[PDB]
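Participant: Handing you this structure, nothing more for now.
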Amino acid sequence: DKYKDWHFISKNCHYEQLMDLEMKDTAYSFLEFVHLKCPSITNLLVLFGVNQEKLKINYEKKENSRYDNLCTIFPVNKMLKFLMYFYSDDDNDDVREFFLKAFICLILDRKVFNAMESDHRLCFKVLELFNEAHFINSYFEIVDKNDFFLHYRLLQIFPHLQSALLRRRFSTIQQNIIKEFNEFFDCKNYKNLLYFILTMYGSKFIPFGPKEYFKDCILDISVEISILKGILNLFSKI
Amino acid sequence: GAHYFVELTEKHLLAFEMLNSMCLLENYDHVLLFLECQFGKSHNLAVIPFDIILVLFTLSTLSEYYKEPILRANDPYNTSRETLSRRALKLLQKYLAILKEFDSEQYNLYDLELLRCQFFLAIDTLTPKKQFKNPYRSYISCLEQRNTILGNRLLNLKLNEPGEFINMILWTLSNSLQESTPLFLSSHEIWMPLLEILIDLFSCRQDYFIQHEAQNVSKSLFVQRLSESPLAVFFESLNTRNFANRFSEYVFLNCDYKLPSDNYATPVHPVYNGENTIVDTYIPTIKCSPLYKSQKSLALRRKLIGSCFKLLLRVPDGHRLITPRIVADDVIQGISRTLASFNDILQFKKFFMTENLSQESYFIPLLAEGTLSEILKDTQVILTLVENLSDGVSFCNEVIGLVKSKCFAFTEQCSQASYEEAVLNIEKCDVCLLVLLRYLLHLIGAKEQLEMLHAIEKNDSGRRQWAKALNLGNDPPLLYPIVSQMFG
């Protein structure tokens with residue numbers, strides 16, 4: 001596999017139109033009133049080349065493993081500054097849920113993930129609007145099984161919602177974690193097992209240190225497996 | 001080594017030794033994962049040793065735009081769907097934003113102090129020399145037997161060369177506006193981010209050095225020490241007797257100013273071999289509009305100017321500093337001369353149209369009043385705007401005089417031939433007055449403004465008519481509508 005990520009943005013971004021919208025904003029921000037170009041958030045999205053009139057990954061349609069398509073993207077800070085004009089704090093819920101889903105889908109794809117500012121301000125400011133329990137209850141619409149390759153990513157972006165993210169997935173709760181370790185080792189789902197390891201380790205349920213009985217299992221299961229052993233040794237020597 | 005050095009404990013010694021041993025085997029992936037997999041957890045703050053902060057600074061210069069095979073051969077799996085340079089920069093930024101917040105309601109009052117010492121033991125090894133000191137005798141750091149990180153030599157070894165710390169600054173300030181792919185890229189994903197980190201570290205090491213010295217000392221000695229300060233050794237790299245003209249031409253290196261000195265900077269060479277070359281396999285995906293490049297470039301330049309003004313307004317009313325040979329009173333004139341004598345109105349806005357109207361104070365109103373008192377001088381007074389930033393009436397009571405003395409109004413000496421240059425000059429004054437007024441309200445929270453408002457609106461008539469006097473299809477750059485809104 002290669003570049004098999006979510007890839008929300010399907011087509012090229014309307015450069016010229018975006019550039020036009022990019023103007024009249026510096027002095028505006030330093031000194032929305034201009035919304036005649038794109039009336040609605042759907043129009044703003046399709047302006048980004050977001051989607052051919054779409055917000056849920058259809059895994060039956062293999063939407064979680066797309067191709068490169070070599071598409072261009074506007075600067076992510078400009079994207080998240082334009083998207084945050086159609087916020088409408090005091091509005092209905094059926095539109096705010098669409099806003100939240102559009103934000104979550106356009107934070108998880110590879111293009112917006114591998115093209116982000118070193119210092120994150122907008123990402124933490126947008127998440128701070130919704131409720132953490134609401135952001136993770138109306139979760140990123142990925143199935144619970146493949147929730148971990150994208151959950152590692154969501155925790156790479158926002159690392160503070162890990163304990164608040166395994167509760168909704170597993171509902172002490174360590175029995176479910178240990179049972180879900182199986183049916184991943186029982187099957188040959190090692191990749192999802194690796195990302196499950198990377199997602200759960202360090203929480204209040206699977207802390208670091210030499211002390212969990214995963215190491216024994218792996219030692220018995222023995223090219224993608226080696227990395228599991230190395231990561232487990234590293235986490236034990238902490 | 002007496003101040004700021006804090007000894008480690010047995011908990012941190014094992015961490016340091018494990019990290020250095022992981023780095024010895026060129027296993028940088030695990031070196032990053034060790035620090036990343038414990039950031040948003042309980043209050044422990046696994047702190048990086050300086051011998052690893054240096055490896056991070058050198059890894060962060062291994063961008064994927066020119067070195068794809070090295071990165072792809074280091075860690076084939078790439079589980080994080082990222083690159084070492086993108087990660088190392090994230091960790092650097094994360095620990096730097098931690099360092100800028102010394103709170104006891106966070107990880108620890110000792111690990112924080114152990115990080116502050118570890119970041120200050122790393123920038124000290126970078127001395128601005130004009131164009132292995134290991135304090136921890138408890139482990140064998142992996143910089144004794146290693147001077148090359150995957151091809152890139154190092155950071156302190158490559159910057160401590162003859163006249164190399166200044167080429168690293170003058171080589172990123174000219175590719176920050178580039179309309180070419182490898183040049184701009186190199187100064188977008190590598191040095192622009194890295195240069196803002198460094199400047200962020202010298203701007204607090206200087207605070208450590210200044211806040212922790214010899215309290216209650218004579219001016220003569222006080223100012224004699226200020227030339228030995230961390231920042232002062234950083235300004236030395238400029239190596240110029242005439243700071244005022246050198247600095248100003250060294251800050252704006254690819255702007256559209258008047259260019260009065262033909263003897264400009266020599267064609268700058270890249271810091272690392274192949275930095276100015278794009279690899280065939282990598283395909284960029286971001287479409288950066290020229291406005292975006294100008295915004296980022298002018299942000300970095302304004303940051304450099306502020307970092308300058310950091311120690312220059314510290315020197316008391318006594319003698320000037322001896323090390324940098326900086327005047328600190330007419331270097332404002334040199335910078336405000338390069339701003340007024342511009343040729344682009346977009347770049348002139350993006351300099352003063354700052355996002356942080358509070359983080360960069362104390363020198364923008366001094367640079368806003370310096371350009372306003374230079375365009376009038378050369379194109380149709382003793383202003384006091386900067387001095388009236390503590391009186392709502394005073395500044396309001398003096399702006400009338402200008403507009404009332406045909407300041408921002410067009411003249412009759414020119415014709416319709418040079419209307420542009422005659423329009424740009426009054427358009428440049430619009431940008432400078434707004435900034436001065438914007439700061440006023442913000443720093444201050446009747447008829448005074450009313451009177452001033454009317455005057456500004458009545459001065460538009462001349463321009464409006466001036467549009468008909470020169471038979472224009474459209475109007476002139478008015479300055480009433482933009483001001484009215486501001487007052488609310």
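In the structure tokens, chains take letters A, B, ... by order of appearance, with residues numbered from 1 within each chain and ligands from 1 in the order shown.
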Within 7 Å of residue 128 (chain B), counting only C-alpha atoms, which residues show up once you throw out same-chain ones fewer than 4 positions away? Write them as a CSV table (one decimal) with N, CA and C atoms, in the first residue's frame, please.

Facilitator:
```csv
chain,number,residue,atom,x,y,z
B,160,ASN,N,29.0,27.4,13.1
B,160,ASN,CA,30.2,28.0,13.7
B,160,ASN,C,31.4,28.1,12.7
B,165,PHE,N,26.8,31.8,10.1
B,165,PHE,CA,25.5,32.2,10.8
B,165,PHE,C,24.8,33.3,10.1
B,233,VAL,N,25.8,38.9,21.0
B,233,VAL,CA,26.7,38.1,20.3
B,233,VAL,C,26.0,37.6,19.0
B,234,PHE,N,24.7,37.7,19.0
B,234,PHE,CA,23.9,37.3,17.8
B,234,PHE,C,23.8,38.4,16.8
B,236,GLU,N,26.2,40.6,16.5
B,236,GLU,CA,27.6,40.8,16.1
B,236,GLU,C,27.9,40.2,14.7
B,237,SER,N,27.3,39.0,14.5
B,237,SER,CA,27.5,38.3,13.2
B,237,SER,C,27.3,39.2,12.0
```

Participant: Using only C-alpha atoms, find which residues of chain B lie within 10 Å of chain A and jot them down as a ChimeraX atom specification.

Facilitator: /B:14-15,18,30,33-34,36-42,77,79-83,86-94,97,189,193,283-292,295,349-350,352-357,431,434-435,438,482-483,485-486

Participant: Please provide as a list in words all residues within 8 Å of residue 14 (chain A), with the sequence filter that same-chain residues fewer than 5 positions apart are discarded (counting only C-alpha atoms).

Facilitator: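 Neighbouring residues, sequence-local ones excluded: residues 47, 48 and 49 of chain A.
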
Participant: Write out, as an mmCIF file, in the first residue's frame, the residues just selected, with C-alpha atoms.

Facilitator:
```
data_model
loop_
_atom_site.group_PDB
_atom_site.id
_atom_site.type_symbol
_atom_site.label_atom_id
_atom_site.label_comp_id
_atom_site.auth_asym_id
_atom_site.auth_seq_id
_atom_site.Cartn_x
_atom_site.Cartn_y
_atom_site.Cartn_z
ATOM 1 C CA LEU A 47 -14.847 25.613 -3.581
ATOM 2 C CA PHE A 48 -11.999 23.729 -1.843
ATOM 3 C CA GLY A 49 -12.532 20.914 -4.328
#
```

Participant: Any idea what the distance is between CA of residue 359 (chain B) and CA of residue 306 (chain B)?

Facilitator: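 Going from CA of residue 359 (chain B) over to CA of residue 306 (chain B) covers 9.7 Å.
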
Participant: What lies within 7 Å of residue 452 (chain B) using only C-alpha atoms, ignoring chain neighbours under 3 positions off, as JSON, numbers by chain?

Facilitator: {"B": [396, 400, 448, 449, 455, 456]}

Participant: Do a neighbour search on residue 139 (chain B) at 12 Å with only C-alpha atoms, toss out local chain neighbours closer than 4 positions, and write the hits as a PyMOL selection string.

Facilitator: chain B and resi 8+10+12-21+49+51+134-135+143-144

Participant: Keeping only N, CA and C atoms, take the residues you just selected and write them out as a PDB file, in the first residue's frame.

Facilitator:
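Saved to out_29.pdb:
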```
ATOM      1  N   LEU B   8      20.878  16.326  36.895  1.00  0.00           N
ATOM      2  CA  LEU B   8      19.787  15.386  36.713  1.00  0.00           C
ATOM      3  C   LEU B   8      19.729  14.396  37.874  1.00  0.00           C
ATOM      4  N   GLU B  10      18.450  10.153  39.037  1.00  0.00           N
ATOM      5  CA  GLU B  10      18.575   8.802  38.506  1.00  0.00           C
ATOM      6  C   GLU B  10      17.423   8.440  37.580  1.00  0.00           C
ATOM      7  N   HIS B  12      16.112  10.631  35.323  1.00  0.00           N
ATOM      8  CA  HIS B  12      16.419  11.255  34.045  1.00  0.00           C
ATOM      9  C   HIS B  12      17.717  10.746  33.436  1.00  0.00           C
ATOM     10  N   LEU B  13      18.637  10.225  34.248  1.00  0.00           N
ATOM     11  CA  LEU B  13      19.884   9.708  33.697  1.00  0.00           C
ATOM     12  C   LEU B  13      19.630   8.478  32.836  1.00  0.00           C
ATOM     13  N   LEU B  14      18.739   7.592  33.282  1.00  0.00           N
ATOM     14  CA  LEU B  14      18.399   6.422  32.481  1.00  0.00           C
ATOM     15  C   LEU B  14      17.748   6.835  31.168  1.00  0.00           C
ATOM     16  N   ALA B  15      16.855   7.826  31.217  1.00  0.00           N
ATOM     17  CA  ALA B  15      16.230   8.329  30.000  1.00  0.00           C
ATOM     18  C   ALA B  15      17.273   8.880  29.038  1.00  0.00           C
ATOM     19  N   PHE B  16      18.192   9.702  29.550  1.00  0.00           N
ATOM     20  CA  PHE B  16      19.227  10.291  28.704  1.00  0.00           C
ATOM     21  C   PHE B  16      20.090   9.210  28.067  1.00  0.00           C
ATOM     22  N   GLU B  17      20.502   8.218  28.861  1.00  0.00           N
ATOM     23  CA  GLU B  17      21.374   7.172  28.337  1.00  0.00           C
ATOM     24  C   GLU B  17      20.653   6.319  27.303  1.00  0.00           C
ATOM     25  N   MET B  18      19.389   5.975  27.558  1.00  0.00           N
ATOM     26  CA  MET B  18      18.631   5.198  26.584  1.00  0.00           C
ATOM     27  C   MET B  18      18.448   5.971  25.287  1.00  0.00           C
ATOM     28  N   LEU B  19      18.158   7.271  25.383  1.00  0.00           N
ATOM     29  CA  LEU B  19      17.988   8.083  24.184  1.00  0.00           C
ATOM     30  C   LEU B  19      19.282   8.163  23.385  1.00  0.00           C
ATOM     31  N   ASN B  20      20.407   8.401  24.065  1.00  0.00           N
ATOM     32  CA  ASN B  20      21.678   8.490  23.356  1.00  0.00           C
ATOM     33  C   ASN B  20      22.082   7.155  22.745  1.00  0.00           C
ATOM     34  N   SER B  21      21.771   6.041  23.413  1.00  0.00           N
ATOM     35  CA  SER B  21      22.076   4.736  22.836  1.00  0.00           C
ATOM     36  C   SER B  21      21.178   4.426  21.645  1.00  0.00           C
ATOM     37  N   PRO B  49      17.625  15.606  26.237  1.00  0.00           N
ATOM     38  CA  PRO B  49      18.963  16.132  26.515  1.00  0.00           C
ATOM     39  C   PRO B  49      19.450  17.000  25.367  1.00  0.00           C
ATOM     40  N   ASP B  51      22.247  17.030  23.841  1.00  0.00           N
ATOM     41  CA  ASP B  51      22.854  16.210  22.802  1.00  0.00           C
ATOM     42  C   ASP B  51      21.818  15.565  21.894  1.00  0.00           C
ATOM     43  N   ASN B 134      30.721  19.064  27.108  1.00  0.00           N
ATOM     44  CA  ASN B 134      29.639  18.305  27.722  1.00  0.00           C
ATOM     45  C   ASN B 134      29.712  18.400  29.236  1.00  0.00           C
ATOM     46  N   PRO B 135      28.781  19.150  29.837  1.00  0.00           N
ATOM     47  CA  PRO B 135      28.724  19.363  31.286  1.00  0.00           C
ATOM     48  C   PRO B 135      28.269  18.137  32.066  1.00  0.00           C
ATOM     49  N   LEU B 143      27.572  12.393  20.396  1.00  0.00           N
ATOM     50  CA  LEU B 143      28.059  13.522  19.639  1.00  0.00           C
ATOM     51  C   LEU B 143      29.592  13.557  19.824  1.00  0.00           C
ATOM     52  N   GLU B 144      30.098  12.661  20.673  1.00  0.00           N
ATOM     53  CA  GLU B 144      31.534  12.433  20.778  1.00  0.00           C
ATOM     54  C   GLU B 144      32.059  11.762  19.476  1.00  0.00           C
TER      55      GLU B 144
END
```

Participant: Point out the residue among A:170, A:151, A:82, A:50 with the least atom-to-atom distance to residue 21 (chain A), counting only C-alpha atoms.

Facilitator: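 Closest to residue 21 (chain A) of all the choices is A:82.
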